[PDB]
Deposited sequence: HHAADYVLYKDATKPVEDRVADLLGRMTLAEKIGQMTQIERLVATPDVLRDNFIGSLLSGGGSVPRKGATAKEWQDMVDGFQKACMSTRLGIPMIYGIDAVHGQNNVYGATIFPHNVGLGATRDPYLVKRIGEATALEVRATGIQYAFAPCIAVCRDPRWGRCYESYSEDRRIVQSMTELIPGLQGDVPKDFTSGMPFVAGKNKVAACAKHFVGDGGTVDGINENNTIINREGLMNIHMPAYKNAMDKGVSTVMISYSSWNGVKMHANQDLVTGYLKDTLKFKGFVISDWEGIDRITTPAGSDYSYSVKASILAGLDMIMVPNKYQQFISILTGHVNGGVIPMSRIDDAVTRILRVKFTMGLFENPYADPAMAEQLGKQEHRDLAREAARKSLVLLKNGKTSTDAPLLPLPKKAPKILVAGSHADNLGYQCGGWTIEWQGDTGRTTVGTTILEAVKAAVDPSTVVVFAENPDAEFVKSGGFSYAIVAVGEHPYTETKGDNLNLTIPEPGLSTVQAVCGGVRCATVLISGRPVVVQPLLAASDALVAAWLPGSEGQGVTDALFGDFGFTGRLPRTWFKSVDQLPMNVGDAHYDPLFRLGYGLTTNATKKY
């Protein structure tokens, strides 16, 4: 009728709908679009009264423990209903850290972390993982994933090194194939820097964290990256350009500084480079209290935090709790002329562009028929192939005369499975699983290394498990061989670690097991760790990284259903004193060099 409103018409071009809606919006409605809050502070009134643009779940932020896909859909729809009830009916976009599957969610397939995926050197495999991740995120009603982390981790003492595909940026550039797996492939004619999401079975992606998050002094998390423009652009920047080419919808800014300038206050890189040089037309989102941490101490001048972050070019602020202050402050800056309306309009233009482009206005609500995508066996089978492909065989016999231990026989009278990471799902998934920091034990649905062994061996093979057996026990047990798994515990800044040695017992358990019977040692870690002692005791040793929920990918290789193919995506140091040390360096003296990995052939 004459109740027609251009921005609500799905046949109209995105830029028409964006401009039509933007011309109608009040200041409050505009700033609301720029505000992202945690589900923990949201209520229908808050969402409606403040015209909120977006929600998130931080790590561990879930409706309840063990919630079904359907409980997620209902929570998200409940928030969306409040948002759709505003004067303009602008849907919110809900974001989450699905960085190795839909990992906050119980029952979600958990894929290997990025470092392991780098070991595969298989970008098409990563793409398929994006495809399946998008499905399992839409199964929970969520439209936006805070991924990929395209950091180039240059020092493994960084607690986020596992979120980086490689110390080699060419590998990270290749693994940006995740983006079109999450979002869908961009059309033939596509302009680089334009945002793209194919539709309601895909999600918006987020290249993060812009820029040089992985190059900090001593891999200190959130800290200063001391490098010149040329090293920034040759190492830390290039995968942003690949992400622009594949239409990444959003970019999250790093807590990190670049030669002393806070990334969240850096107008030259955010506005001059990312928006004006790379022609990025999606939206730029802060990290979590990122603008607060512009100041030292953090939060000591939130007024400036706002002024500086928004003038730097940021479009959406992940507040995520003190939304009232954020809105008040930004509103006052605008009313006072300190931030021009053109800046507000650009931020909102970009946010609305992404929302319209992705089809959010046409499908703001969850699809219940997708709930059955969560944990889907076909996704688990993919995760299992990824886990197996990620594994790097570092040693396969103690001397060059020895018989090669791997592949092991599936038939033997009695075998031993041992070690703190043999039967502990949380440990094999690592951080960003169920909780922010990950956790210990049976935290979700999956298969431990022990369970995978039992599942793989001949019915006549007796499998004995002991977490930390003594030497006498192993020597007395009549075992044909042993598989022993040990490593790091799940862990941002909690995983910053100057000494990089796995915790005990670990070494002691390996030494006790391998001293009694021939052993294959499975090392679970997010990064290289001091390994010479583990090597010296072990007949075979596998770097398994953080393989996720499908522990059968480990045994597929151990028992020779598949050959080992993975190759180090990072340099394995002899000593932490050497660090930082990357391929190309001055005195490149690696225990194992980038690219290294032994092979086997399938039996």
> How would you write out the unmodelled ranges of the deposited sequence, numbered from 1?
Replying inline: 1-2, 494, 607-609
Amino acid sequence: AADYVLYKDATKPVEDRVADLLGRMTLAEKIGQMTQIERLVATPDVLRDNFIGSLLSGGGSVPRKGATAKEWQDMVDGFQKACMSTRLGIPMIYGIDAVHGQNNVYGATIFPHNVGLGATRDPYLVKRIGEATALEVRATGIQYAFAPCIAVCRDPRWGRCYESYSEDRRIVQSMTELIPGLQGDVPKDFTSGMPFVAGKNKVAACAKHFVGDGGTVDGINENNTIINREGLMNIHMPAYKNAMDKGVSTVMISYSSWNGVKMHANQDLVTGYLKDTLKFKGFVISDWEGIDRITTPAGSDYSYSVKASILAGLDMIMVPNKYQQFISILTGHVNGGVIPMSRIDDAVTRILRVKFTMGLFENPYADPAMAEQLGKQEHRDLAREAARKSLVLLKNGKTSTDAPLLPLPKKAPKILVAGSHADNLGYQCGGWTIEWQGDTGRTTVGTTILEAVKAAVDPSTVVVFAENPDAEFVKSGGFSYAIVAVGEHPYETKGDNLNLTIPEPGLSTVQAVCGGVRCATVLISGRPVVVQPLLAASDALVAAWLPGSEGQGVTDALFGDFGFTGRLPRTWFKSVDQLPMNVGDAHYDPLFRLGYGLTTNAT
From here on, numbers count along this sequence of modelled residues.
> Comparing 18-26 with 582-590, which stretch shows the greater average C-alpha B-factor in the deposited entry?
Replying inline: 582-590
>> Using only C-alpha atoms and the B-factors in the entry, which stretch averages higher, 220-228 or 150-158?
In response: 220-228
> Say you rank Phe111, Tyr273, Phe283, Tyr144 by Cα B-factor from the PDB entry; which sits at the top?
Replying inline: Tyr273
> Among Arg138, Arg121, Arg87, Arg388, which carries the highest Cα B-factor?
Replying inline: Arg121
> In terms of the CA temperature factor given in the entry, to which third of its chain does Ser575 belong: lowest, middle or highest?
Replying inline: highest
>> How does the C-alpha B factor of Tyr481 compare with the rest of the chain: lowest, middle or highest third?
In response: lowest
>> Ranking every modelled residue in this chain by its Cα temperature factor as given in the entry, which third contains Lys414?
In response: middle
> Taking the C-alpha B-factors as the PDB entry records them, is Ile434 in the lowest, middle or highest third of its chain?
Replying inline: lowest
> Comparing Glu472 with the other modelled residues of its chain, is its CA B-factor in the lowest, middle or highest third?
Replying inline: highest
